[PDB]
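Undergrad: Compact mmCIF, N, CA and C atoms, saved as data.txt, coming up:
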```
# COMPACT_ATOMS: atom_id res chain seq x y z
N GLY D 1 -27.93 40.21 -0.99
CA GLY D 1 -28.28 39.08 -1.85
C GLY D 1 -27.45 37.81 -1.64
N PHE D 2 -26.41 37.84 -0.81
CA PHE D 2 -25.63 36.66 -0.44
C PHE D 2 -26.18 35.96 0.82
N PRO D 3 -26.06 34.63 0.91
CA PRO D 3 -26.45 33.88 2.10
C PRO D 3 -25.64 34.32 3.32
N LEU D 4 -26.33 34.66 4.40
CA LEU D 4 -25.75 35.02 5.69
C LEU D 4 -26.08 33.93 6.70
N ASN D 5 -25.10 33.42 7.44
CA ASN D 5 -25.35 32.51 8.55
C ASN D 5 -24.88 33.14 9.87
N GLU D 6 -25.81 33.51 10.73
CA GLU D 6 -25.47 33.90 12.10
C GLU D 6 -25.03 32.67 12.88
N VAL D 7 -23.89 32.74 13.57
CA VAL D 7 -23.28 31.59 14.25
C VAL D 7 -23.80 31.47 15.69
N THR D 8 -24.90 30.75 15.87
CA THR D 8 -25.66 30.67 17.14
C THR D 8 -25.13 29.65 18.16
N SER D 9 -24.15 28.82 17.79
CA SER D 9 -23.59 27.72 18.60
C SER D 9 -22.74 28.14 19.81
N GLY D 10 -22.50 29.42 20.03
CA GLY D 10 -21.65 29.93 21.12
C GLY D 10 -20.15 30.03 20.81
N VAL D 11 -19.68 29.60 19.64
CA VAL D 11 -18.25 29.70 19.26
C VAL D 11 -17.77 31.13 19.03
N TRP D 12 -18.64 32.02 18.55
CA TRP D 12 -18.26 33.34 18.05
C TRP D 12 -17.76 34.28 19.15
N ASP D 13 -16.66 35.00 18.93
CA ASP D 13 -16.21 36.07 19.82
C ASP D 13 -16.39 37.45 19.18
N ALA D 14 -17.43 38.16 19.62
CA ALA D 14 -17.77 39.49 19.12
C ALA D 14 -16.71 40.55 19.44
N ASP D 15 -15.79 40.28 20.36
CA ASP D 15 -14.66 41.17 20.65
C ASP D 15 -13.49 40.95 19.69
N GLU D 16 -13.50 39.88 18.88
CA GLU D 16 -12.51 39.59 17.85
C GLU D 16 -12.99 39.97 16.44
N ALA D 17 -14.23 39.63 16.07
CA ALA D 17 -14.76 39.86 14.73
C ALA D 17 -16.28 40.09 14.71
N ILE D 18 -16.79 40.79 13.70
CA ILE D 18 -18.22 40.95 13.45
C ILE D 18 -18.70 40.02 12.32
N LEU D 19 -17.92 39.93 11.25
CA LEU D 19 -18.29 39.27 10.00
C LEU D 19 -17.06 38.64 9.35
N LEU D 20 -17.25 37.49 8.73
CA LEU D 20 -16.29 36.84 7.84
C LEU D 20 -17.01 36.57 6.51
N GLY D 21 -16.44 37.01 5.39
CA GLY D 21 -16.86 36.60 4.05
C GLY D 21 -15.80 35.74 3.39
N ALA D 22 -16.17 34.78 2.54
CA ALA D 22 -15.21 33.87 1.91
C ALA D 22 -15.67 33.24 0.58
N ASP D 23 -14.74 32.71 -0.21
CA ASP D 23 -15.06 31.68 -1.21
C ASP D 23 -15.01 30.27 -0.58
N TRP D 24 -16.14 29.76 -0.10
CA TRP D 24 -16.21 28.53 0.69
C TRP D 24 -15.75 27.26 -0.03
N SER D 25 -15.64 27.24 -1.36
CA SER D 25 -15.00 26.14 -2.09
C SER D 25 -13.48 26.04 -1.87
N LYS D 26 -12.84 27.13 -1.42
CA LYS D 26 -11.40 27.18 -1.08
C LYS D 26 -11.09 26.74 0.35
N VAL D 27 -12.11 26.41 1.13
CA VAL D 27 -11.98 25.87 2.48
C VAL D 27 -12.34 24.39 2.41
N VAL D 28 -11.45 23.50 2.84
CA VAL D 28 -11.64 22.05 2.75
C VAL D 28 -11.48 21.37 4.11
N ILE D 29 -12.37 20.43 4.41
CA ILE D 29 -12.37 19.55 5.58
C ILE D 29 -12.12 18.12 5.12
N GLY D 30 -11.10 17.48 5.68
CA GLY D 30 -10.80 16.08 5.47
C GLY D 30 -11.39 15.21 6.58
N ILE D 31 -12.27 14.28 6.24
CA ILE D 31 -12.87 13.34 7.19
C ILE D 31 -12.06 12.05 7.16
N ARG D 32 -11.11 11.89 8.09
CA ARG D 32 -10.29 10.68 8.20
C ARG D 32 -11.07 9.52 8.80
N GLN D 33 -11.89 9.77 9.81
CA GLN D 33 -12.75 8.79 10.46
C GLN D 33 -14.03 9.47 10.92
N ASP D 34 -15.17 9.03 10.40
CA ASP D 34 -16.49 9.53 10.75
C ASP D 34 -16.83 9.23 12.23
N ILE D 35 -17.74 9.99 12.85
CA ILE D 35 -18.01 9.91 14.29
C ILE D 35 -18.34 8.46 14.69
N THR D 36 -17.46 7.88 15.49
CA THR D 36 -17.47 6.46 15.88
C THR D 36 -17.81 6.35 17.36
N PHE D 37 -18.76 5.48 17.72
CA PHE D 37 -19.12 5.18 19.11
C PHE D 37 -18.70 3.75 19.50
N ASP D 38 -17.95 3.59 20.59
CA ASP D 38 -17.61 2.31 21.22
C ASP D 38 -18.18 2.24 22.64
N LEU D 39 -18.78 1.11 23.01
CA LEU D 39 -19.32 0.85 24.34
C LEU D 39 -18.44 -0.14 25.11
N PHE D 40 -18.08 0.17 26.35
CA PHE D 40 -17.16 -0.63 27.18
C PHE D 40 -17.73 -0.92 28.56
N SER D 41 -17.37 -2.07 29.12
CA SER D 41 -17.90 -2.60 30.38
C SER D 41 -16.82 -3.19 31.27
N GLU D 42 -15.61 -3.39 30.76
CA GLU D 42 -14.42 -3.78 31.50
C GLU D 42 -13.42 -2.62 31.52
N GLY D 43 -12.48 -2.61 32.46
CA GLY D 43 -11.43 -1.60 32.49
C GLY D 43 -11.71 -0.42 33.39
N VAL D 44 -11.00 0.67 33.15
CA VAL D 44 -10.70 1.71 34.13
C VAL D 44 -10.77 3.09 33.50
N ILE D 45 -11.25 4.07 34.25
CA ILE D 45 -10.96 5.48 34.02
C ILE D 45 -9.83 5.85 34.97
N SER D 46 -8.79 6.51 34.49
CA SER D 46 -7.59 6.82 35.27
C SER D 46 -7.10 8.25 35.12
N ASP D 47 -6.51 8.73 36.20
CA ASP D 47 -5.89 10.04 36.36
C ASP D 47 -4.61 10.17 35.50
N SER D 48 -4.10 11.38 35.27
CA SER D 48 -2.81 11.57 34.58
C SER D 48 -1.62 11.05 35.40
N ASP D 49 -1.74 11.04 36.73
CA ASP D 49 -0.84 10.36 37.67
C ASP D 49 -0.99 8.82 37.71
N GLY D 50 -1.91 8.22 36.95
CA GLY D 50 -2.10 6.77 36.91
C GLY D 50 -2.87 6.16 38.09
N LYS D 51 -3.53 6.98 38.90
CA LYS D 51 -4.53 6.56 39.90
C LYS D 51 -5.84 6.15 39.22
N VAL D 52 -6.52 5.12 39.71
CA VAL D 52 -7.86 4.72 39.23
C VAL D 52 -8.93 5.63 39.84
N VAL D 53 -9.84 6.17 39.02
CA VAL D 53 -10.96 7.02 39.47
C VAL D 53 -12.34 6.37 39.27
N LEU D 54 -12.48 5.43 38.34
CA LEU D 54 -13.67 4.59 38.19
C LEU D 54 -13.26 3.25 37.60
N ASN D 55 -13.58 2.15 38.25
CA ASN D 55 -13.39 0.81 37.72
C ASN D 55 -14.73 0.29 37.18
N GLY A 1 30.07 -39.43 10.83
CA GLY A 1 28.78 -39.91 10.33
C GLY A 1 27.54 -39.24 10.92
N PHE A 2 27.67 -38.34 11.89
CA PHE A 2 26.55 -37.60 12.48
C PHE A 2 26.39 -36.23 11.83
N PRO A 3 25.18 -35.80 11.44
CA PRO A 3 24.91 -34.47 10.93
C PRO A 3 25.46 -33.34 11.81
N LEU A 4 26.06 -32.35 11.17
CA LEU A 4 26.69 -31.19 11.79
C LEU A 4 25.68 -30.05 11.87
N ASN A 5 24.75 -30.09 12.82
CA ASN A 5 23.69 -29.08 12.91
C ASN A 5 24.24 -27.75 13.42
N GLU A 6 24.49 -26.80 12.51
CA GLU A 6 24.91 -25.46 12.89
C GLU A 6 23.73 -24.66 13.42
N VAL A 7 23.92 -23.94 14.52
CA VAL A 7 22.85 -23.14 15.12
C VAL A 7 22.82 -21.74 14.49
N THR A 8 21.91 -21.54 13.55
CA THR A 8 21.76 -20.32 12.73
C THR A 8 20.96 -19.19 13.38
N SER A 9 20.24 -19.44 14.47
CA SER A 9 19.71 -18.39 15.35
C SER A 9 20.84 -17.62 16.04
N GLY A 10 20.56 -16.46 16.62
CA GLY A 10 21.56 -15.67 17.36
C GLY A 10 21.93 -16.18 18.76
N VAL A 11 21.46 -17.37 19.17
CA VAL A 11 21.68 -17.90 20.54
C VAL A 11 23.12 -18.31 20.80
N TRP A 12 23.82 -18.86 19.80
CA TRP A 12 25.11 -19.49 20.00
C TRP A 12 26.20 -18.48 20.36
N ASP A 13 26.70 -18.54 21.59
CA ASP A 13 27.87 -17.78 22.01
C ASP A 13 29.15 -18.57 21.67
N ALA A 14 29.74 -18.26 20.52
CA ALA A 14 30.95 -18.93 20.04
C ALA A 14 32.21 -18.62 20.86
N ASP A 15 32.15 -17.68 21.80
CA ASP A 15 33.19 -17.45 22.80
C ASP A 15 33.07 -18.41 24.00
N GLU A 16 31.98 -19.17 24.11
CA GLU A 16 31.79 -20.23 25.10
C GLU A 16 32.06 -21.63 24.55
N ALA A 17 31.59 -21.96 23.34
CA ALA A 17 31.69 -23.31 22.80
C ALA A 17 31.80 -23.33 21.28
N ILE A 18 32.48 -24.34 20.73
CA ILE A 18 32.51 -24.64 19.30
C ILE A 18 31.46 -25.69 18.94
N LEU A 19 31.31 -26.72 19.76
CA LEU A 19 30.44 -27.86 19.48
C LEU A 19 30.00 -28.51 20.80
N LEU A 20 28.78 -29.03 20.84
CA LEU A 20 28.21 -29.83 21.92
C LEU A 20 27.76 -31.17 21.35
N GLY A 21 28.26 -32.27 21.89
CA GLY A 21 27.82 -33.62 21.57
C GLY A 21 27.08 -34.26 22.73
N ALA A 22 26.09 -35.10 22.45
CA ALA A 22 25.27 -35.70 23.50
C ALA A 22 24.58 -37.00 23.07
N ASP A 23 24.02 -37.70 24.05
CA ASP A 23 22.94 -38.64 23.81
C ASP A 23 21.61 -37.87 23.87
N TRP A 24 21.03 -37.54 22.73
CA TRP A 24 19.83 -36.71 22.64
C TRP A 24 18.57 -37.41 23.12
N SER A 25 18.58 -38.74 23.26
CA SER A 25 17.46 -39.48 23.85
C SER A 25 17.25 -39.12 25.33
N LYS A 26 18.29 -38.63 26.00
CA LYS A 26 18.28 -38.19 27.41
C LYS A 26 17.81 -36.75 27.62
N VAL A 27 17.46 -36.01 26.57
CA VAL A 27 17.04 -34.61 26.67
C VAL A 27 15.56 -34.50 26.37
N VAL A 28 14.77 -33.95 27.29
CA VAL A 28 13.30 -33.92 27.21
C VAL A 28 12.77 -32.51 27.38
N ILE A 29 11.81 -32.14 26.54
CA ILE A 29 11.00 -30.93 26.65
C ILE A 29 9.57 -31.36 26.95
N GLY A 30 9.00 -30.82 28.02
CA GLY A 30 7.60 -31.02 28.37
C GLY A 30 6.75 -29.82 27.96
N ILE A 31 5.78 -30.00 27.07
CA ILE A 31 4.89 -28.91 26.65
C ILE A 31 3.63 -28.96 27.51
N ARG A 32 3.35 -27.90 28.27
CA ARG A 32 2.13 -27.79 29.09
C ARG A 32 1.01 -27.01 28.41
N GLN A 33 1.34 -25.91 27.76
CA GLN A 33 0.42 -25.04 27.02
C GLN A 33 1.16 -24.52 25.79
N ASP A 34 0.64 -24.85 24.62
CA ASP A 34 1.13 -24.41 23.32
C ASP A 34 1.06 -22.89 23.19
N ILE A 35 1.86 -22.31 22.29
CA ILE A 35 1.91 -20.85 22.09
C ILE A 35 0.49 -20.34 21.83
N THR A 36 0.01 -19.51 22.75
CA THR A 36 -1.37 -19.02 22.83
C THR A 36 -1.39 -17.51 22.61
N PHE A 37 -2.21 -17.02 21.68
CA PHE A 37 -2.37 -15.59 21.37
C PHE A 37 -3.75 -15.07 21.78
N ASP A 38 -3.80 -13.97 22.52
CA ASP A 38 -5.03 -13.27 22.93
C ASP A 38 -4.93 -11.77 22.63
N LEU A 39 -5.98 -11.17 22.07
CA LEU A 39 -6.04 -9.74 21.75
C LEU A 39 -6.98 -8.98 22.70
N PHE A 40 -6.55 -7.84 23.22
CA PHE A 40 -7.27 -7.04 24.21
C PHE A 40 -7.50 -5.60 23.77
N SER A 41 -8.71 -5.09 24.00
CA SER A 41 -9.14 -3.72 23.66
C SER A 41 -9.68 -2.93 24.87
N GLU A 42 -10.01 -3.59 25.97
CA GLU A 42 -10.34 -3.00 27.27
C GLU A 42 -9.23 -3.38 28.25
N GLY A 43 -8.89 -2.51 29.18
CA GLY A 43 -7.94 -2.84 30.23
C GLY A 43 -6.75 -1.94 30.29
N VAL A 44 -5.71 -2.39 30.97
CA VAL A 44 -4.61 -1.55 31.45
C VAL A 44 -3.30 -2.33 31.39
N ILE A 45 -2.20 -1.65 31.09
CA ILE A 45 -0.85 -2.08 31.42
C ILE A 45 -0.44 -1.31 32.67
N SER A 46 -0.01 -2.00 33.71
CA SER A 46 0.25 -1.42 35.03
C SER A 46 1.66 -1.72 35.52
N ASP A 47 2.13 -0.84 36.39
CA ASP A 47 3.41 -0.89 37.06
C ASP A 47 3.46 -1.97 38.16
N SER A 48 4.65 -2.29 38.65
CA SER A 48 4.87 -3.17 39.81
C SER A 48 4.26 -2.63 41.11
N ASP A 49 3.89 -1.35 41.13
CA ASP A 49 3.41 -0.61 42.30
C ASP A 49 1.94 -0.18 42.14
N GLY A 50 1.18 -0.87 41.28
CA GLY A 50 -0.26 -0.67 41.09
C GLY A 50 -0.66 0.51 40.21
N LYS A 51 0.24 1.47 39.97
CA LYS A 51 0.05 2.61 39.06
C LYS A 51 -0.28 2.18 37.62
N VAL A 52 -1.23 2.84 36.98
CA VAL A 52 -1.56 2.65 35.55
C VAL A 52 -0.51 3.30 34.66
N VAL A 53 0.02 2.56 33.67
CA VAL A 53 1.10 3.01 32.75
C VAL A 53 0.58 3.22 31.33
N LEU A 54 -0.31 2.36 30.84
CA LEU A 54 -1.10 2.58 29.64
C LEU A 54 -2.52 2.11 29.90
N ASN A 55 -3.53 2.89 29.54
CA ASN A 55 -4.93 2.50 29.62
C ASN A 55 -5.43 2.27 28.20
```
Can you dump the structure from the file as structure tokens?
TA:
Amino acid sequence: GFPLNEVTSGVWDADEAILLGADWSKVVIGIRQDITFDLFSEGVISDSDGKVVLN
Amino acid sequence: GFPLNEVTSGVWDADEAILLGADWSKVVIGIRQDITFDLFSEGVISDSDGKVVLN
């Protein structure tokens, strides 16, 4: 009689767990900044060594 | 009879001089470009050797 959600997104590891039950009001997510998109046309993609890979 | 302009910035090295007197009409500053501020959000800070240091 409780809501069941099968986790279809590929995150689940069946070798670690089968099921999790919880009081979901005791789990909290803080949204500091909502999903933000910026578009750019100047500048560089660069390596960790500081080499340019796309200008 | 001349104003005693004390230099209150940190520039004055008092181990070099106590006072400087002059004909101030003989001292000229030429301004070519006034203090200019620009803000950047695309681009790179780079090394003397072409390496990227901040992107």
Undergrad: Quick one: which residues from chain D are at most 8 Å off chain A, using only C-alpha atoms, as a compact mmCIF listing (two decimals) with N, CA and C atoms, keeping the file's coordinate frame?
TA:
```txt
# COMPACT_ATOMS: atom_id res chain seq x y z
N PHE D 40 -18.08 0.17 26.35
CA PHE D 40 -17.16 -0.63 27.18
C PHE D 40 -17.73 -0.92 28.56
N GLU D 42 -15.61 -3.39 30.76
CA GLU D 42 -14.42 -3.78 31.50
C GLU D 42 -13.42 -2.62 31.52
N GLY D 43 -12.48 -2.61 32.46
CA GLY D 43 -11.43 -1.60 32.49
C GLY D 43 -11.71 -0.42 33.39
N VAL D 44 -11.00 0.67 33.15
CA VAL D 44 -10.70 1.71 34.13
C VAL D 44 -10.77 3.09 33.50
N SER D 46 -8.79 6.51 34.49
CA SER D 46 -7.59 6.82 35.27
C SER D 46 -7.10 8.25 35.12
N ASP D 49 -1.74 11.04 36.73
CA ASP D 49 -0.84 10.36 37.67
C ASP D 49 -0.99 8.82 37.71
N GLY D 50 -1.91 8.22 36.95
CA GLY D 50 -2.10 6.77 36.91
C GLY D 50 -2.87 6.16 38.09
N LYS D 51 -3.53 6.98 38.90
CA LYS D 51 -4.53 6.56 39.90
C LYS D 51 -5.84 6.15 39.22
N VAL D 52 -6.52 5.12 39.71
CA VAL D 52 -7.86 4.72 39.23
C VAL D 52 -8.93 5.63 39.84
```
Undergrad: As a list in words, please: the residues near residue 21 of chain A (cut-off 12 Å, only C-alpha atoms, same-chain neighbours under 5 positions excluded).
TA: residues 2, 3, 4, 5 and 27 of chain A
Undergrad: Please return as a ChimeraX atom specification: the residues of chain A that backbone DSSP assigns to strand (DSSP E or B).
TA: /A:45-46,52-54
Undergrad: What separation in Å, quoted to one decimal, exists between atom CA of residue 11 of chain D and atom N of residue 25 of chain D?
TA: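 Computed distance, atom CA of residue 11 of chain D to atom N of residue 25 of chain D, equals 20.9 Å.
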Undergrad: Would you compute, for all listed atoms of segment 33-38 of chain A, the axis-aligned bounding box grown by 3 Å on each side, and then report its centre and edge lengths in Å rounded to one decimal, as lines of an AutoDock Vina configuration file?
TA:
```
center_x = -1.6
center_y = -18.8
center_z = 24.6
size_x = 12.9
size_y = 20.1
size_z = 12.4
```
Undergrad: Between atom C of residue 7 of chain A and atom CA of residue 22 of chain A, what is the distance in Å, rounded to a tenth?
TA: 16.8 Å
Undergrad: Could you tell me how far atom CA of residue 1 of chain A sits from atom CA of residue 19 of chain A, in Å to one decimal place?
TA: 15.2 Å
